[PDB]
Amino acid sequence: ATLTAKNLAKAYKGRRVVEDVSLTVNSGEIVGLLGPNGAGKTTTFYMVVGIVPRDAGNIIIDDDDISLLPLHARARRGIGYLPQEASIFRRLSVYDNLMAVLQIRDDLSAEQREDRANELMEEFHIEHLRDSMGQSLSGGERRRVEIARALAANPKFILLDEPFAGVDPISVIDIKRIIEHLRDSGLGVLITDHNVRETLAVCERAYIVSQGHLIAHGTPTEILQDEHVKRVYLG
C-alpha cells in the first residue's frame, strides 16, 4: 500500500549527490520524480531498489523498515525497477527476454506464462519482433521490450528510470495507457523522465530534486509555475 524513503543520503568521495531525500508512493497512484541531469534521481532509485548502499536513511513498506533487506528480498516484497541504461538480453529473442522474466512467477502456470508473453507483445505492439534478437532491435523497439520485461515481474511498486527515451510519441501514449490501467489495479508508480509534458500528464503528483535536495512538491499544474523549478529545471 505504502512505500516510503526517509532521509536518504549518498555521497561519492564527498560530493553530496543525494542528501535528506524523503518521498512516498502509495499503491494506485503515479508519482513523478523530476530534475536536472545529475540532480540525484537514478542514485535515489538505487537506494530504494537496493543496488548501492545508502550513507543514511530508511526504506519502509507498510510500517515495516526494510532498510537491511538485500535487493532480492526487497523485490520479493514487491519493489520492481526499470534501469535507465539498456538492460535487454542482447542474444535472446524478444519472446525469450519476456519468458526469462516470467520464469520467476510462482503465480502463473506454464500456459499462463505463454499467454502473458503474447499479451505484453500485443499491448506494446511488438508481436512482429517475437523472434528478433535483442541486439538487432532499434532504440525504441528495445526500450519498449525493456518496459514489458519490468512489468512482467508483476511488482507492487515500479520505479521507471526514463522509460520514454528512444520511444516514439504514439508508443508514449500507448505506454501511458498501459501504466494508467495497471495503476487502476493497484500498481504504485514512481517515474522519472525528461519528456516533462507527457510525464506530468500521467502523474497525480510529483517531486523536484536539484543538487541532491527536494525543492518542490505537488500537482502538475502547481509544479509548472513554482518559480524555483522554472529557473533550475523547466526554463
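Start at 1 and count along the sequence shown; that's the residue number.
### Task
Output the stretch having the higher mean C-alpha B factor in the entry; the candidates are 195-203 and 39-47.
Stretch with the greater average CA B-factor: 195-203.
### Of 164-172 and 61-69, the stretch whose C-alpha atoms average the higher B-factor in the entry
The entry gives the higher C-alpha B-factor average to 61-69.
### Query
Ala152's Cα B-factor: lowest, middle or highest third of the chain?
Tercile = lowest for this residue's CA B-factor.
### Message
By the recorded C-alpha temperature factor, relative to the other modelled residues in its chain, which third is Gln103 in?
### Response
Its C-alpha B-factor, which the entry lists for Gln103, ranks in the highest third among residues of this chain.
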